[PDB]
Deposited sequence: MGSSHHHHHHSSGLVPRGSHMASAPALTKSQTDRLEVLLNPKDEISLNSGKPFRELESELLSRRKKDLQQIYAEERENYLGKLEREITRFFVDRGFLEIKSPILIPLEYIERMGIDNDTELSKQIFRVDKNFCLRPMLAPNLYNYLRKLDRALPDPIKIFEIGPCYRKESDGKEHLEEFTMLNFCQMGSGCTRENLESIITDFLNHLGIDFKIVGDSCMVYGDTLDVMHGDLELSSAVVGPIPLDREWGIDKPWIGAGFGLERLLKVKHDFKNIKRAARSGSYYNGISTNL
């Protein structure tokens, strides 16, 4: 008669936001299975692009076209970078770090390598310096509804002239309107949060800030970090962020357990 909780969970795995009682679980399941196999077949026959890779390519084109230099830096970084970012056992992030060997860890954010590039590039490039990076970041997390331990961050920034809150809000606005994602910027160094309902899409700041000194900066700057899986989650109306993650269980939000 009524579906068990386990049966509902199984069907939800197979349910797409798009899909719109009376028959047994086996029938409902068979219907969804056929639809999902069909979705995978269309992808294979036409586009063949992975959502996360495609979004990265689209974001890359957006920033490159706007004068930002594309950076690809190490994912495995020196543990020293963590403390240098002012992350001490006093903060939350301290215990979210995935350590590797005795001297390294998986980057929990992009900031350290971008600070290094801002400093080095200032010796060669004209003001202002505009750069960005998109790539894997890692953090141990307790939540699984809005967080992934392995996620992908976009972090863009500009240093020198034009580093105003107005310019920062303008970039964020053109960016999200380009992607077609609804948002609200909330605020009051100057820090702002880009929200979609109760979900944080990004954290942005208008420097300078005291931390800059440790990385040898000394110029004004603006920047923002966005989670690509959160952007995909909102854009594709995925109930659980796992549908937008690097995974062996979902492909473009479609269950691979068919």
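Going by C-alpha coordinates, which parts of the deposited sequence are missing from this model?
Going by the record, the segments left unmodelled (no C-alpha atoms) fall at 1-24, 45-48, 217-221.
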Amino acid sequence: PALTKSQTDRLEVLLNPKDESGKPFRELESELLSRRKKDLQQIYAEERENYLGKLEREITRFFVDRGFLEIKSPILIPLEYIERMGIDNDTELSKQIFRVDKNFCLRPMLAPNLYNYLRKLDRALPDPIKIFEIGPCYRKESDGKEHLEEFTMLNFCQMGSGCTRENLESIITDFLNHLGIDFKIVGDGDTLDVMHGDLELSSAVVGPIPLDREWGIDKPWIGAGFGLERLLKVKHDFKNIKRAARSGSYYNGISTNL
From here on, numbers count along this sequence of modelled residues.
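37-45 versus 189-197: which one carries the higher mean Cα B factor per the record?
Between 37-45 and 189-197, it is 189-197 that shows the higher mean C-alpha B-factor.
Higher average CA B factor in the deposited record is what I'm after, so tell me if that's 133-141 or 86-94.
For C-alpha atoms only, the mean B-factor is higher in 86-94.
Report the option among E229, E31, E58, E70 whose CA atom has the maximum B-factor in the deposited record.
Across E229, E31, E58, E70, the entry lists the biggest C-alpha B-factor for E31.
Can you tell me whether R246 has a C-alpha B-factor in the lowest, middle or highest third compared with the other modelled residues of the same chain?
As the PDB entry reports it, the C-alpha B-factor of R246 lands in the lowest third of its chain.
With respect to C-alpha B-factor, does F183 fall in the lowest, middle or highest third of the chain as deposited?
Middle third of the chain for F183's C-alpha B-factor.
Lowest, middle or highest third of the chain for the C-alpha temperature factor of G216?
Middle third.
Using only modelled residues of the chain, where does the Cα B factor of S255 rank: lowest third, middle third or highest third?
Bottom third by C-alpha B-factor.
Check where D174 lands among this chain's C-alpha B-factors and tell me if it's the lowest, middle or highest third.
Ranked within chain, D174 CA B lands in the lowest tercile.
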